[PDB]
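Participant: Let me start by giving you these chains from the complex, positioned as in the assembled structure:
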Amino acid sequence: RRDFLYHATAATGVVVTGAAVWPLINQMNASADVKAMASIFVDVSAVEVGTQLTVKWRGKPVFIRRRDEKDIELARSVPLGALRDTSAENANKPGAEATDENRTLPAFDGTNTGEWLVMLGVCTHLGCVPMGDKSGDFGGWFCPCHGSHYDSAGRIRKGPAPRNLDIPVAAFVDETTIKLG
Amino acid sequence: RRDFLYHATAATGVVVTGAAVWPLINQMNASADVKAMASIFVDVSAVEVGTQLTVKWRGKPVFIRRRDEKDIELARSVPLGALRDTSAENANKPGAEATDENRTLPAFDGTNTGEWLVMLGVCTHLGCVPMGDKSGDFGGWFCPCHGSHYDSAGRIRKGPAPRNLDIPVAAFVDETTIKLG
């Protein structure tokens, strides 16, 4: 029939066109060489605890910074109230409150948390690298792209950045190493 | 005046257009990094005289091959007659006849010529690399791009290639070295 045959030819043409178009939009996706996206062993190895440590991985920096008491007390003295993101973005644990006890890090295979904190050095606003070394209006990190003030533990404050600095999955290698991945 | 003013405006426009066009045709010329085009010290260093020696330079190969008696006698037994190019392309000397005495090479800082011959391994037809190691119908080199038969001393024979294998400017470094440039 007129209608059936004509419309079916059109439908088949459309289907073939789409099957040909999809790969032109698929090739731009991450290729297998980008699929890898594996782990990195960074050795703390006495870098003079308290200033900072940055390492490249996955194309983004991974901040490993020891703790300075003044920085710590400022951290532990932050009630969940008035905290933009209280989710403790760290993926090594559940959505537990963004508390310094949970938010600092595992305990060297020992029992202590207020001494090391390794987070992803990527601003949640649009992915810039905040400046460290005690900066901003909260004694933490400052993003120069739009002005987002981070706190000691990395929780976002005073800016458009919606959430704090995430924490990747990491465990220790018996007191001198870090496993990122 | 009408004519003068109009034609002069047109002339000025044309001149400016040409001054703007020339560099678009000049940039494609050899750049300063290609201007260099300097020399190379290849060490003969006992490579078992008689087979061959090739080295890269200026983007083209420079053939340094010792002489095999049978190859030599075939060379020295070639009268200028029936020789396509009798100019002895070698630029280390004048346009003297393409004779093996002049065409082989300098004499190690000594006195002998029928033992070494270094020429530019570039077919004069269109720039292909002839195959060595005793090939062709004359016991020399054979060009596989169009079929040009070279002789023992490198003079062109049996093919479209108009002239023989040129010889760059080269002198010896006291019995174990070659200076190309």
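Facilitator: Here it is on my side, so go on. Numbers count the residues shown, from 1 in each chain, chains lettered A, B, ... in the order given.

Participant: can you give me the strands for chain A?
Facilitator: Applying DSSP state E to chain A gives strands spanning A:40-42, A:54-57, A:60-66, A:116-120, A:131-135, A:140-143, A:148-150, A:156-157, A:170-172, A:178-180.

Participant: Of all these, which one comes closest to residue B:137?
Facilitator: strand A:54-57 (62.5 Å; Cβ to Cβ). From N, CA and C alone the C-beta is placed, and that goes for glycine too.

Participant: mind listing what residue A:41 touches?
Facilitator: A:173, A:177, A:178, A:179, A:180 (Cβ atoms under 8 Å, 6 or more residues apart in numbering or on different chains).

Participant: tell me which residues form a beta bridge with it?
Facilitator: Counting by DSSP bridges, residue A:41 is bridged to residue A:179.

Participant: Distance check, it against residue A:143.
Facilitator: 29 Å (Cβ to Cβ, to the nearest Å).

Participant: still on that earlier bit, make JSON lines from the strands of chain A and add distance to residue A:28 to it.
Facilitator: Formatted as JSON lines, those follow (distance: least, Cβ to Cβ, whole Å):
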{"stretch": "strand A:40-42", "distance to residue A:28": "27"}
{"stretch": "strand A:54-57", "distance to residue A:28": "24"}
{"stretch": "strand A:60-66", "distance to residue A:28": "21"}
{"stretch": "strand A:116-120", "distance to residue A:28": "25"}
{"stretch": "strand A:131-135", "distance to residue A:28": "33"}
{"stretch": "strand A:140-143", "distance to residue A:28": "29"}
{"stretch": "strand A:148-150", "distance to residue A:28": "30"}
{"stretch": "strand A:156-157", "distance to residue A:28": "32"}
{"stretch": "strand A:170-172", "distance to residue A:28": "32"}
{"stretch": "strand A:178-180", "distance to residue A:28": "28"}
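
Participant: picking that back up, just give me the closest of the contacts of residue A:41 to residue A:90.
Facilitator: residue A:180 (13.1 Å).

Participant: show me the contacts for the closest one.
Facilitator: A:39, A:40, A:41, A:42, A:55, A:57, A:62, A:118, A:168, A:170.

Participant: Please repeat the previous calculation with a cut-off of 7 Å.
Facilitator: A:39, A:40, A:42, A:57, A:62, A:168, A:170 (Cβ atoms under 7 Å, 6 or more residues apart in numbering or on different chains).

Participant: Also put chain C in, sequence below:
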Amino acid sequence: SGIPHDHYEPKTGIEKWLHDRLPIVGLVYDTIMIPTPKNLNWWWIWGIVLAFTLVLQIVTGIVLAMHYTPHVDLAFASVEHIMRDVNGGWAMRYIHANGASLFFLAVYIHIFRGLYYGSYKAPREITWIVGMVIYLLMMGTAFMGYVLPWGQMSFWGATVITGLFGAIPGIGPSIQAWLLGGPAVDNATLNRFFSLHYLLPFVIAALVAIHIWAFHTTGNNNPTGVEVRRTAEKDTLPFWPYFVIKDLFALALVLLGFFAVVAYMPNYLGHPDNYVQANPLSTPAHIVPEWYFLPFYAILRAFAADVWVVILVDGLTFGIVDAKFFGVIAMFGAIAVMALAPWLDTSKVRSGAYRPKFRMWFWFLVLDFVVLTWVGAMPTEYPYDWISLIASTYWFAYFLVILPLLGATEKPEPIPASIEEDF
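Facilitator: Let me add chain C to what's already shown:
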């Protein structure tokens, strides 16, 4: 009326055998002897400027691509190979880089000329639509291009202006990854950008084809709210040679200034940090993307829930429309509303040379544009936040409400007749 004067192909046998391919008929009848009014000021030149600048950029780029190597490890080195070894080098690069600046400067004056003399008003909607489409294409082009040197500003500008697409929910990260070729920026992004950057200009030329086809079919706007009175038209001198020569004179002046810049002030409009190689591990201060995107950058980074006029706290009614998405929508709307203008101005009138209130509001708009340009570079600390918010609010207010109210109560002026204004 609309005298095409096809020339009837009566010249000679050459002009008679050309009845196989009409081409010269087209040129003569239409694109050279196109009746244009006499009342044209010096604001109707910038289109010739834009065409020439586009040709210039295309040429210089085709030349550079003979020495640029798209790769993270060999881009900077190739750029220096250009500026040092190549014969002309610095010239091509400075002419390419700065000419983009002139291009955008010229489109700004081309656009604001339009907003004044009702060139968006009917029957000239298609030209406006095509022009906004172009503007978009050329913005994207310049963005893709600022990345190729693989300096330091390249990396971070790309980072943020791609995190935008990721702000939106559900389909943000997917688009981000599909655009960057991966989670973050690397050589794949560079290849995409080079290709794309080496392809869109031709689309622009075609769109310019339609741009020129439209306003030849539709008469050029004129300083007055009047047409060429087709019904024989003592007004409306032709294009060639009069306006051709006028435009070429202005273009010579403009190129003179442009080359003076190129030769004395070439690194002025640039960012020095783009002369240091990239470090994905260190971000410089004051990225300041460029100068032809600061308006929208500011409209973006203004809405942050930091003012009593903060509509983000109200838009939070829906848990999906957060701040970032709000700013992105605000920018896209800042452009979409400029495109929608011709259906917002409810006036049966024309050029604001006979609409005073419109004059005042329009000069305020120009000032707002300049202010936004100056604010995108300064931090988000007080007082600049209030300034940016005010300016964005006025932009939207103008384009949404102001024009209707005028079209209602904005006719205290005697319109001029007889486009032949022999004053």
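
Participant: mind redoing the contacts of residue A:41 now chain C's in there?
Facilitator: With Cβ under 7 Å, 6+ apart, residue A:41 has these contacts: A:173, A:177, A:179.

Participant: shouldn't the last one be in contact with residue A:118?
Facilitator: So that's residue A:179. No - with contact taken as Cβ atoms under 7 Å, residue A:179 and residue A:118 are classed as non-touching, separated by 10.4 Å.

Participant: Mutual contacts of the two, please.
Facilitator: Common neighbours of residue A:179 and residue A:118 (Cβ under 7 Å, 6+ apart) are residue A:170.

Participant: CSV please, covering the contacts of residue A:41 and showing neighbour count.
Facilitator: Formatted as CSV, the contacts of residue A:41 follow (neighbours: other Cβ atoms under 10 Å in any protein chain shown):
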residue, neighbour count
A:173, 14
A:177, 13
A:179, 14
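
Participant: Just put those residues in CSV and tack on distance to residue C:73.
Facilitator: CSV is the format used below for the contacts of residue A:41 (distance: Cβ to Cβ, whole Å):
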residue, distance to residue C:73
A:173, 32
A:177, 30
A:179, 29
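
Participant: Going by distance to residue C:105, which of the residues you listed wins?
Facilitator: residue A:179 (53.5 Å).

Participant: Let's see stretch C:32-48 as PDB, backbone CA atoms only.
Facilitator: What follows is stretch C:32-48, C-alpha atoms only, in PDB (Å, rounded to 0.1, in the frame of the first residue of the first chain):
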ATOM      1  CA  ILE C  32      27.500  45.500  -6.700                       C
ATOM      2  CA  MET C  33      24.700  47.700  -8.000                       C
ATOM      3  CA  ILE C  34      22.500  47.300  -5.000                       C
ATOM      4  CA  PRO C  35      20.600  50.600  -4.400                       C
ATOM      5  CA  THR C  36      21.600  51.900  -1.000                       C
ATOM      6  CA  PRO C  37      20.200  55.100   0.500                       C
ATOM      7  CA  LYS C  38      22.200  58.400   0.700                       C
ATOM      8  CA  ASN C  39      21.600  58.900   4.400                       C
ATOM      9  CA  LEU C  40      24.300  56.500   5.600                       C
ATOM     10  CA  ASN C  41      26.600  57.600   8.300                       C
ATOM     11  CA  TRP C  42      30.000  56.000   9.300                       C
ATOM     12  CA  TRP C  43      28.300  53.200  11.300                       C
ATOM     13  CA  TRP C  44      27.400  51.200   8.200                       C
ATOM     14  CA  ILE C  45      31.000  50.200   7.400                       C
ATOM     15  CA  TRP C  46      31.800  47.700  10.100                       C
ATOM     16  CA  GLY C  47      30.300  44.800   8.000                       C
ATOM     17  CA  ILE C  48      33.100  45.300   5.400                       C
END
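
Participant: Append chain D to the structure above:
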Amino acid sequence: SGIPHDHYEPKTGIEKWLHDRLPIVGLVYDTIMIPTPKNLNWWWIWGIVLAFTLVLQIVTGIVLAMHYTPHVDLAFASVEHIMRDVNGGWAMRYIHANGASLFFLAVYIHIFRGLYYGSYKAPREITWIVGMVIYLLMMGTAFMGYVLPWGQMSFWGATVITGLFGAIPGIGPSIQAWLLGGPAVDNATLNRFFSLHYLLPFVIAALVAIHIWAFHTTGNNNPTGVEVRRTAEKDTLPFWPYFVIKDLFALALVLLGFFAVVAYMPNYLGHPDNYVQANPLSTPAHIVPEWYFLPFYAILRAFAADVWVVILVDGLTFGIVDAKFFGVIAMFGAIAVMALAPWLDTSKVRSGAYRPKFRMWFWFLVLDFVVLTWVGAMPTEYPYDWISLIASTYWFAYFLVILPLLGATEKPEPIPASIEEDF
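Facilitator: So, slotting chain D in with the rest:
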């Protein structure tokens, strides 16, 4: 006669407000409802094939350029990155590489269809000129492209087909160096070729624009020596939907075969030596540039002063016209004479379906083309030299002398009237 049927824009308000930009008027009146005769065989499809193949190549190339890195040290690696990691990879490359083959195969049938049915005869000269120009552009394109993988055949093909330009005296080496970017081949040549290779297709599209404009203004040839009898023309059905559907059916068949090849016989038309990296120090045996240049390669390497019909010994009268230059002129002339044809055939007649002697000579010409194709691959040793010389001589003889003699004494046939051939 020549019913354009502009549609009068009477559809509705949408088709009436489109009086701002005519575009749909153009499409409908001209490029869709173009009266074409009924007498069309299956040889009038290959133009659609060529257009589709061109689009295909442009698309696949724009995709590849997102992963190809022009540089001697990273081209091969990028090609393998494509064929292994990328999602589609092998498909794009095989479709790009082989589609060039189909492109040239299709132009060959497009051209030889033309030589038979007097499509070069008046009043269709402009189409012929434009087609030869295109042919040149696309040959140069494919050449620039075979180089990009930086295999082994790339290098040497480039070497020789650039030494050609250097053969000529006085201005040979200068042009050679200005084209290679230096004395010999290196990355500079690669960059030039990539850019150029990524730019000409658009020029081809424009030229295709003029190609299509011409034969719409000038009626499509038709199997006979007759026109559409404009004066109403019961003959000459329209293009859409009839011929559109016919061409699309043939195109579906062709793509079916093409993809079967791509998926089962993809490396068949290629040279394996192009899968080994380049060595400027070692040349392989039987370079054999490609299969769409063997005719001219043979016409070139035939004249060598090795036959009693060797006109090189006679051309040596002037000490400047050596062999090489003679072969280069012979090739350029092999093409220039094909372009000059329409002014050599001195016949007030048309399609060889009514000219027997022409049929015989033409089939001999097709055979000569095939033979030249088969000979450019075989060495210059006896007997192939005599064969190549004979074939080139016949090519030139046909195109220079044969057509005049026919036009003189070639009318023993009853021409058909009434292009409505209801047989």
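
Participant: Revisit the contacts of residue A:180 given that chain D is now included?
Facilitator: A:39, A:40, A:42, A:57, A:62, A:168, A:170.

Participant: Same question for residue C:219.
Facilitator: Residue C:219 neighbours (Cβ under 7 Å, 6+ apart): C:227, C:228.

Participant: Chain A versus that one, what's the distance?
Facilitator: 40 Å (Cβ to the nearest Cβ, to the nearest Å).

Participant: Can I take it that that residue is in a strand?
Facilitator: No - going by DSSP: H, G, I helix; E, B strand; the rest coil, the assignment for residue C:219 is coil, not a strand.

Participant: Report the separation between it and chain D.
Facilitator: Distance from residue C:219 to chain D, by Cβ to the nearest Cβ: 11 Å.

Participant: Tell me how far residue C:65 lies from residue C:137.
Facilitator: From residue C:65 to residue C:137 the distance is 19 Å (Cβ to Cβ).

Participant: what about the two, which has more around it?
Facilitator: residue C:65 (22 against 15; other Cβ atoms under 10 Å in any protein chain shown).

Participant: does the more buried one really touch residue D:195, like I thought?
Facilitator: Yes - in this structure, residue C:65 is within contact of residue D:195 by Cβ under 7 Å, at 4.2 Å.

Participant: Residue A:130 touches residue A:138, doesn't it?
Facilitator: No - Residue A:130 is beyond contact range of residue A:138, at 11.6 Å (criterion: Cβ under 7 Å).

Participant: between those two, who's got more neighbours?
Facilitator: Set residue A:130 next to residue A:138 and count neighbours by other Cβ under 10 Å: residue A:130 wins out with 24 against 17.

Participant: touching chain C at all, whichever helix in chain A runs longest?
Facilitator: Using DSSP state H, we find that the single longest helix of chain A is helix A:2-26. No - using Cβ under 7 Å from any Cβ of the partner chain, we find that helix A:2-26 stays clear of chain C, coming within 7.7 Å at best.

Participant: Against which helices or strands is that helix packed?
Facilitator: Based on contacts counted as 3 or more Cβ pairs under 7 Å, 6 or more residues apart in numbering or on different chains; DSSP states H and E, there is no element that helix A:2-26 packs against.

Participant: How about the residues of chain C by chain B?
Facilitator: So far as Cβ under 7 Å from any Cβ goes, chain C lies against chain B at C:59, C:63, C:81, C:85, C:86, C:87, C:88, C:91.

Participant: what about 10 Å?
Facilitator: Listed as neighbours of chain B in chain C under the rule Cβ under 10 Å from any Cβ of the partner chain: C:56, C:59-60, C:62-64, C:66-67, C:81-82, C:84-89, C:91-92, C:95, C:241, C:245, C:248, C:252, C:255.
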